[PDB]
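So this one's start26.tsv, TSV, N, CA and C atoms:
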```
chain	number	residue	atom	x	y	z
C	1	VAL	N	173.30	136.75	-25.41
C	1	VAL	CA	172.34	135.87	-24.75
C	1	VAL	C	172.96	135.18	-23.53
C	2	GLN	N	172.11	134.67	-22.64
C	2	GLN	CA	172.60	134.00	-21.44
C	2	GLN	C	172.77	132.52	-21.69
C	3	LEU	N	173.95	131.98	-21.39
C	3	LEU	CA	174.20	130.55	-21.57
C	3	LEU	C	174.56	129.93	-20.21
C	4	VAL	N	173.84	128.87	-19.82
C	4	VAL	CA	174.07	128.18	-18.56
C	4	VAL	C	174.78	126.84	-18.80
C	5	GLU	N	176.09	126.81	-18.56
C	5	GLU	CA	176.93	125.66	-18.81
C	5	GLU	C	177.06	124.74	-17.61
C	6	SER	N	177.07	123.42	-17.88
C	6	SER	CA	177.19	122.38	-16.85
C	6	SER	C	178.08	121.28	-17.33
C	7	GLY	N	178.71	120.59	-16.37
C	7	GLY	CA	179.53	119.45	-16.71
C	7	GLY	C	181.00	119.69	-16.46
C	8	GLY	N	181.81	118.72	-16.86
C	8	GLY	CA	183.26	118.79	-16.72
C	8	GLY	C	183.76	117.84	-15.67
C	9	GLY	N	184.95	118.12	-15.17
C	9	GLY	CA	185.51	117.32	-14.10
C	9	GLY	C	186.71	116.49	-14.47
C	10	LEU	N	187.07	115.59	-13.55
C	10	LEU	CA	188.23	114.73	-13.70
C	10	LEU	C	187.75	113.38	-14.18
C	11	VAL	N	188.46	112.82	-15.16
C	11	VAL	CA	188.06	111.55	-15.73
C	11	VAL	C	189.30	110.80	-16.15
C	12	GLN	N	189.29	109.44	-16.06
C	12	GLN	CA	190.45	108.68	-16.49
C	12	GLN	C	190.45	108.52	-18.01
C	13	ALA	N	191.65	108.31	-18.60
C	13	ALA	CA	191.79	108.11	-20.06
C	13	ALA	C	190.88	106.95	-20.52
C	14	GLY	N	190.17	107.16	-21.63
C	14	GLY	CA	189.18	106.23	-22.15
C	14	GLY	C	187.76	106.51	-21.68
C	15	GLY	N	187.63	107.36	-20.66
C	15	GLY	CA	186.36	107.71	-20.07
C	15	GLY	C	185.53	108.64	-20.93
C	16	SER	N	184.38	109.01	-20.39
C	16	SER	CA	183.35	109.78	-21.06
C	16	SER	C	182.83	110.88	-20.14
C	17	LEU	N	182.49	112.02	-20.72
C	17	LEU	CA	181.90	113.14	-20.00
C	17	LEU	C	180.86	113.79	-20.92
C	18	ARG	N	179.80	114.36	-20.33
C	18	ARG	CA	178.80	115.06	-21.13
C	18	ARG	C	178.70	116.48	-20.67
C	19	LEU	N	178.86	117.45	-21.59
C	19	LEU	CA	178.71	118.87	-21.25
C	19	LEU	C	177.37	119.35	-21.75
C	20	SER	N	176.75	120.30	-21.06
C	20	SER	CA	175.48	120.85	-21.53
C	20	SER	C	175.51	122.37	-21.46
C	21	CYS	N	174.66	123.00	-22.26
C	21	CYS	CA	174.60	124.45	-22.32
C	21	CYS	C	173.14	124.81	-22.59
C	22	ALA	N	172.46	125.39	-21.60
C	22	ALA	CA	171.06	125.78	-21.73
C	22	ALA	C	170.94	127.27	-22.06
C	23	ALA	N	170.11	127.64	-23.06
C	23	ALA	CA	169.93	129.05	-23.42
C	23	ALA	C	168.52	129.51	-23.14
C	24	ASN	N	171.43	134.88	-32.75
C	24	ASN	CA	172.42	134.06	-32.04
C	24	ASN	C	172.01	132.59	-32.03
C	25	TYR	N	171.71	132.04	-33.22
C	25	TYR	CA	171.21	130.68	-33.34
C	25	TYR	C	172.26	129.58	-33.58
C	26	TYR	N	173.52	129.90	-33.95
C	26	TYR	CA	174.51	128.85	-34.19
C	26	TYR	C	175.13	128.52	-32.80
C	27	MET	N	175.29	127.24	-32.44
C	27	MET	CA	175.92	126.85	-31.16
C	27	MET	C	177.24	126.11	-31.39
C	28	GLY	N	178.24	126.44	-30.60
C	28	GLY	CA	179.55	125.83	-30.74
C	28	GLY	C	180.20	125.56	-29.41
C	29	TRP	N	181.04	124.51	-29.36
C	29	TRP	CA	181.78	124.22	-28.16
C	29	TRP	C	183.23	124.54	-28.51
C	30	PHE	N	183.92	125.24	-27.64
C	30	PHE	CA	185.32	125.58	-27.85
C	30	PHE	C	186.11	125.04	-26.65
C	31	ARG	N	187.41	124.89	-26.81
C	31	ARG	CA	188.23	124.50	-25.66
C	31	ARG	C	189.52	125.25	-25.70
C	32	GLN	N	190.06	125.51	-24.52
C	32	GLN	CA	191.34	126.19	-24.43
C	32	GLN	C	192.23	125.28	-23.60
C	33	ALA	N	193.12	124.56	-24.29
C	33	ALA	CA	194.08	123.66	-23.64
C	33	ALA	C	195.14	124.50	-22.88
C	34	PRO	N	195.82	123.91	-21.89
C	34	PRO	CA	196.81	124.68	-21.11
C	34	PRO	C	197.87	125.30	-21.98
C	35	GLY	N	198.04	126.62	-21.88
C	35	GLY	CA	199.05	127.36	-22.65
C	35	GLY	C	198.70	127.51	-24.12
C	36	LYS	N	197.45	127.23	-24.50
C	36	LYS	CA	197.01	127.34	-25.89
C	36	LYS	C	195.86	128.38	-26.04
C	37	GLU	N	195.37	128.59	-27.27
C	37	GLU	CA	194.28	129.53	-27.57
C	37	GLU	C	192.92	128.81	-27.44
C	38	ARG	N	191.82	129.58	-27.35
C	38	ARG	CA	190.47	129.00	-27.28
C	38	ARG	C	190.07	128.65	-28.71
C	39	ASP	N	189.97	127.35	-29.01
C	39	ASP	CA	189.75	126.76	-30.34
C	39	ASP	C	188.45	126.02	-30.49
C	40	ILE	N	187.85	126.08	-31.68
C	40	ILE	CA	186.58	125.40	-31.94
C	40	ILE	C	186.76	123.88	-31.89
C	41	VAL	N	185.81	123.20	-31.24
C	41	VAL	CA	185.79	121.75	-31.08
C	41	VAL	C	184.66	121.14	-31.93
C	42	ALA	N	183.45	121.71	-31.81
C	42	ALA	CA	182.29	121.20	-32.52
C	42	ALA	C	181.23	122.28	-32.64
C	43	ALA	N	180.41	122.21	-33.68
C	43	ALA	CA	179.34	123.19	-33.86
C	43	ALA	C	178.10	122.57	-34.52
C	44	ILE	N	176.94	123.15	-34.25
C	44	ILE	CA	175.68	122.59	-34.74
C	44	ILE	C	174.72	123.70	-35.16
C	45	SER	N	173.93	123.46	-36.22
C	45	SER	CA	172.95	124.44	-36.69
C	45	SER	C	171.71	124.45	-35.79
C	46	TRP	N	170.88	125.51	-35.89
C	46	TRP	CA	169.66	125.69	-35.10
C	46	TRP	C	168.59	124.59	-35.29
C	47	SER	N	168.85	123.60	-36.15
C	47	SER	CA	167.95	122.47	-36.34
C	47	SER	C	168.64	121.12	-36.02
C	48	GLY	N	169.97	121.06	-36.15
C	48	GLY	CA	170.73	119.86	-35.81
C	48	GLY	C	171.25	119.02	-36.96
C	49	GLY	N	170.77	119.31	-38.17
C	49	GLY	CA	171.16	118.56	-39.37
C	49	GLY	C	172.59	118.79	-39.79
C	50	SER	N	173.13	119.99	-39.51
C	50	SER	CA	174.50	120.30	-39.86
C	50	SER	C	175.37	120.30	-38.62
C	51	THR	N	176.50	119.58	-38.68
C	51	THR	CA	177.48	119.52	-37.61
C	51	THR	C	178.88	119.79	-38.18
C	52	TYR	N	179.76	120.26	-37.32
C	52	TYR	CA	181.14	120.51	-37.68
C	52	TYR	C	181.99	120.01	-36.53
C	53	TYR	N	183.10	119.34	-36.82
C	53	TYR	CA	184.00	118.87	-35.77
C	53	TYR	C	185.43	119.13	-36.15
C	54	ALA	N	186.28	119.45	-35.16
C	54	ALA	CA	187.72	119.54	-35.38
C	54	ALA	C	188.19	118.10	-35.58
C	55	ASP	N	189.15	117.91	-36.48
C	55	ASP	CA	189.60	116.56	-36.80
C	55	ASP	C	190.13	115.79	-35.61
C	56	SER	N	190.69	116.49	-34.60
C	56	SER	CA	191.24	115.88	-33.40
C	56	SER	C	190.18	115.20	-32.51
C	57	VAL	N	188.89	115.54	-32.69
C	57	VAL	CA	187.81	114.94	-31.90
C	57	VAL	C	186.86	114.09	-32.76
C	58	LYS	N	187.00	114.10	-34.12
C	58	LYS	CA	186.09	113.31	-34.96
C	58	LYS	C	186.08	111.83	-34.58
C	59	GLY	N	184.89	111.25	-34.50
C	59	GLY	CA	184.75	109.85	-34.12
C	59	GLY	C	184.69	109.63	-32.61
C	60	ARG	N	184.99	110.67	-31.82
C	60	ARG	CA	184.99	110.56	-30.38
C	60	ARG	C	183.96	111.46	-29.72
C	61	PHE	N	183.82	112.71	-30.22
C	61	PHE	CA	182.86	113.64	-29.63
C	61	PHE	C	181.64	113.76	-30.51
C	62	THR	N	180.49	114.04	-29.90
C	62	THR	CA	179.25	114.18	-30.64
C	62	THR	C	178.50	115.39	-30.09
C	63	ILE	N	178.19	116.34	-30.96
C	63	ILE	CA	177.43	117.51	-30.56
C	63	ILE	C	175.95	117.24	-30.93
C	64	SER	N	175.05	117.51	-30.00
C	64	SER	CA	173.61	117.29	-30.25
C	64	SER	C	172.78	118.40	-29.59
C	65	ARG	N	171.50	118.51	-29.96
C	65	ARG	CA	170.63	119.51	-29.36
C	65	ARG	C	169.32	118.86	-28.88
C	66	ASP	N	168.66	119.50	-27.92
C	66	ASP	CA	167.33	119.09	-27.47
C	66	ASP	C	166.52	120.39	-27.50
C	67	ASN	N	165.73	120.61	-28.58
C	67	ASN	CA	165.02	121.87	-28.74
C	67	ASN	C	163.97	122.14	-27.67
C	68	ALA	N	163.28	121.10	-27.18
C	68	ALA	CA	162.26	121.30	-26.14
C	68	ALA	C	162.87	121.84	-24.83
C	69	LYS	N	164.16	121.52	-24.57
C	69	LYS	CA	164.93	121.97	-23.41
C	69	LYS	C	165.84	123.17	-23.70
C	70	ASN	N	165.90	123.66	-24.96
C	70	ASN	CA	166.76	124.77	-25.38
C	70	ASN	C	168.23	124.50	-24.99
C	71	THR	N	168.65	123.23	-25.10
C	71	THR	CA	169.97	122.83	-24.67
C	71	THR	C	170.81	122.13	-25.73
C	72	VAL	N	172.13	122.49	-25.82
C	72	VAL	CA	173.12	121.86	-26.69
C	72	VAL	C	174.06	121.04	-25.77
C	73	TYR	N	174.48	119.87	-26.24
C	73	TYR	CA	175.29	118.95	-25.49
C	73	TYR	C	176.55	118.61	-26.25
C	74	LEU	N	177.59	118.26	-25.52
C	74	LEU	CA	178.81	117.76	-26.12
C	74	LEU	C	179.05	116.44	-25.39
C	75	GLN	N	178.88	115.34	-26.10
C	75	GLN	CA	179.15	114.02	-25.56
C	75	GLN	C	180.59	113.71	-25.90
C	76	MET	N	181.45	113.58	-24.89
C	76	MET	CA	182.88	113.36	-25.08
C	76	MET	C	183.27	111.95	-24.72
C	77	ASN	N	183.48	111.10	-25.71
C	77	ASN	CA	183.85	109.70	-25.46
C	77	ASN	C	185.33	109.48	-25.79
C	78	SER	N	185.89	108.35	-25.34
C	78	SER	CA	187.29	107.94	-25.62
C	78	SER	C	188.26	109.07	-25.30
C	79	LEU	N	188.05	109.69	-24.13
C	79	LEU	CA	188.84	110.84	-23.74
C	79	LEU	C	190.30	110.51	-23.60
C	80	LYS	N	191.13	111.43	-24.00
C	80	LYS	CA	192.57	111.30	-23.96
C	80	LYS	C	193.14	112.42	-23.12
C	81	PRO	N	194.35	112.25	-22.53
C	81	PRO	CA	194.96	113.37	-21.78
C	81	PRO	C	195.04	114.66	-22.61
C	82	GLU	N	195.21	114.54	-23.95
C	82	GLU	CA	195.22	115.67	-24.89
C	82	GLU	C	193.94	116.50	-24.89
C	83	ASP	N	192.83	115.94	-24.39
C	83	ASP	CA	191.55	116.65	-24.32
C	83	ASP	C	191.39	117.53	-23.07
C	84	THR	N	192.39	117.54	-22.19
C	84	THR	CA	192.38	118.37	-20.99
C	84	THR	C	192.36	119.84	-21.42
C	85	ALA	N	191.39	120.58	-20.93
C	85	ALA	CA	191.17	121.96	-21.37
C	85	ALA	C	190.00	122.56	-20.61
C	86	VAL	N	189.82	123.89	-20.72
C	86	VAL	CA	188.63	124.55	-20.21
C	86	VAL	C	187.70	124.62	-21.42
C	87	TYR	N	186.48	124.10	-21.29
C	87	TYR	CA	185.53	124.04	-22.39
C	87	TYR	C	184.45	125.07	-22.25
C	88	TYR	N	184.09	125.71	-23.35
C	88	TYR	CA	183.09	126.77	-23.33
C	88	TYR	C	182.04	126.55	-24.40
C	89	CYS	N	180.77	126.83	-24.08
C	89	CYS	CA	179.76	126.85	-25.15
C	89	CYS	C	179.64	128.30	-25.65
C	90	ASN	N	179.26	128.45	-26.90
C	90	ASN	CA	179.17	129.75	-27.54
C	90	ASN	C	177.94	129.79	-28.45
C	91	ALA	N	177.21	130.89	-28.42
C	91	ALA	CA	176.05	131.09	-29.28
C	91	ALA	C	176.34	132.32	-30.12
C	92	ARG	N	176.28	132.22	-31.46
C	92	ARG	CA	176.54	133.41	-32.28
C	92	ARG	C	175.55	133.54	-33.42
C	93	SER	N	175.27	134.80	-33.79
C	93	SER	CA	174.31	135.13	-34.83
C	93	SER	C	174.79	134.72	-36.22
C	94	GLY	N	173.86	134.65	-37.16
C	94	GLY	CA	174.17	134.28	-38.54
C	94	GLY	C	175.23	135.16	-39.18
C	95	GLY	N	175.15	136.46	-38.94
C	95	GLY	CA	176.10	137.42	-39.51
C	95	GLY	C	177.55	137.18	-39.14
C	96	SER	N	177.80	136.62	-37.93
C	96	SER	CA	179.14	136.35	-37.40
C	96	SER	C	179.96	135.43	-38.28
C	97	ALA	N	179.35	134.36	-38.81
C	97	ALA	CA	180.03	133.39	-39.69
C	97	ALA	C	180.64	134.02	-40.92
C	98	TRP	N	179.99	135.09	-41.41
C	98	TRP	CA	180.31	135.76	-42.65
C	98	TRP	C	181.14	137.02	-42.49
C	99	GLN	N	181.77	137.22	-41.33
C	99	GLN	CA	182.67	138.34	-41.15
C	99	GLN	C	184.03	138.00	-41.74
C	100	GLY	N	184.73	139.00	-42.25
C	100	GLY	CA	186.06	138.83	-42.82
C	100	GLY	C	186.07	138.12	-44.15
C	101	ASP	N	187.26	138.02	-44.74
C	101	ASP	CA	187.45	137.40	-46.03
C	101	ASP	C	187.83	135.94	-45.86
C	102	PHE	N	186.85	135.04	-45.87
C	102	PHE	CA	187.13	133.62	-45.77
C	102	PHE	C	186.55	132.84	-46.92
C	103	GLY	N	187.23	131.78	-47.28
C	103	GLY	CA	186.77	130.89	-48.32
C	103	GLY	C	186.97	131.34	-49.74
C	104	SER	N	186.24	130.68	-50.64
C	104	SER	CA	186.30	130.86	-52.08
C	104	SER	C	185.23	131.80	-52.57
C	105	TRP	N	185.48	132.49	-53.68
C	105	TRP	CA	184.52	133.45	-54.22
C	105	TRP	C	184.20	133.24	-55.71
C	106	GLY	N	182.94	133.41	-56.04
C	106	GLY	CA	182.52	133.40	-57.43
C	106	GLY	C	182.88	134.74	-58.05
C	107	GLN	N	182.81	134.83	-59.38
C	107	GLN	CA	183.07	136.07	-60.10
C	107	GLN	C	181.87	136.97	-59.81
C	108	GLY	N	182.12	138.20	-59.39
C	108	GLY	CA	181.02	139.11	-59.09
C	108	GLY	C	180.18	139.42	-60.31
C	109	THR	N	178.89	139.60	-60.11
C	109	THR	CA	178.01	140.01	-61.22
C	109	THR	C	177.26	141.26	-60.84
C	110	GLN	N	177.18	142.20	-61.79
C	110	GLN	CA	176.44	143.43	-61.52
C	110	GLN	C	174.95	143.19	-61.63
C	111	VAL	N	174.19	143.69	-60.66
C	111	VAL	CA	172.74	143.72	-60.69
C	111	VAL	C	172.38	145.19	-60.62
C	112	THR	N	171.62	145.71	-61.59
C	112	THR	CA	171.20	147.11	-61.56
C	112	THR	C	169.71	147.16	-61.65
C	113	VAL	N	169.07	147.80	-60.67
C	113	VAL	CA	167.62	147.88	-60.63
C	113	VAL	C	167.23	149.32	-60.95
C	114	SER	N	166.61	149.53	-62.10
C	114	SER	CA	166.23	150.87	-62.55
C	114	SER	C	164.88	151.29	-62.00
C	115	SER	N	164.69	152.59	-61.72
C	115	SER	CA	163.42	153.06	-61.16
C	115	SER	C	162.33	153.01	-62.22
C	116	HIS	N	161.10	152.60	-61.81
C	116	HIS	CA	159.87	152.47	-62.60
C	116	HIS	C	159.87	153.19	-63.97
```

Would you write out, as structure tokens, the structure that this file holds?
Amino acid sequence: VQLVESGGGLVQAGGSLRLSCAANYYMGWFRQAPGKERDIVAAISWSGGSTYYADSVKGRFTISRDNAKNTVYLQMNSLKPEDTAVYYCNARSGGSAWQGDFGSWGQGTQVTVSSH
């Protein structure tokens, strides 16, 4: 899908910046700090009730959506020099979350459906 990102810039420590991304229903903001990998910062469900934040930004950043505008925002408050990075918005389908072997598993149960 096409994502139109806006925002960024230079800001003094303690300052605030707002990023936006106008538009694969899960939305996430990632950042790649200098000499580091592109890492998840915050994520939000297609309705807004579920949010996820990296512990390094909890209490400072807020991810929100405006459905009438098809836009996801990252409100970045109490900025620190450590937050210097290239920031990207990302939209991914439901299936993407469930790729690979992650998390905990229940004991498998056999379901057998016999023909009529």

* For residue C:61, please output as a ChimeraX atom specification all residues within 7 Å (counting all atoms listed in the file; exclusion window: fewer than 4 positions along the same chain). => /C:57,74-78

Produce a table with one row for each residue of stretch 75-109 of chain C that has an atom at most 8 Å from any atom of stretch 26-37 of chain C, each row naming the nearest atom pair and its distance in Å at one decimal; use all atoms listed in the file; arrange rows by chain and rising residue number; format as a Markdown table.
```
| residue | atom | partner | partner_atom | distance |
| --- | --- | --- | --- | --- |
| C:82 | C | C:33 | CA | 7.3 |
| C:83 | C | C:33 | CA | 6.7 |
| C:84 | C | C:33 | CA | 4.7 |
| C:85 | CA | C:33 | CA | 4.1 |
| C:86 | C | C:32 | N | 4.0 |
| C:87 | CA | C:31 | CA | 4.3 |
| C:88 | N | C:30 | C | 3.9 |
| C:89 | CA | C:28 | C | 4.5 |
| C:90 | N | C:28 | C | 3.9 |
| C:91 | CA | C:26 | C | 4.5 |
| C:92 | N | C:26 | C | 4.1 |
| C:93 | N | C:26 | N | 5.2 |
| C:94 | N | C:26 | N | 5.7 |
```

* Asked: Which of chain C counts as strand (DSSP E or B) under DSSP, as number ranges by chain please?
  -> C: 4-6, 17-22, 26-32, 38-44, 51-53, 61-66, 71-76, 86-92

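From atom N of residue C:20 back to atom N of residue C:72, the distance works out to 7.0 Å.
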
* Asked: Using only N, CA and C atoms, which of the listed residues (C:71, C:50, C:43, C:55) sits closest to residue C:22?
  -> C:71

* To do: Could you tell me how far atom CA of residue C:41 lies from atom CA of residue C:56, in Å and to one decimal?
  => 8.3 Å

Centre, x/y/z edge lengths, axis-aligned box for stretch 47-59 of chain C with 6 Å per side, as lines of an AutoDock Vina configuration file:
```
center_x = 179.6
center_y = 116.6
center_z = -35.9
size_x = 35.3
size_y = 26.0
size_z = 20.0
```
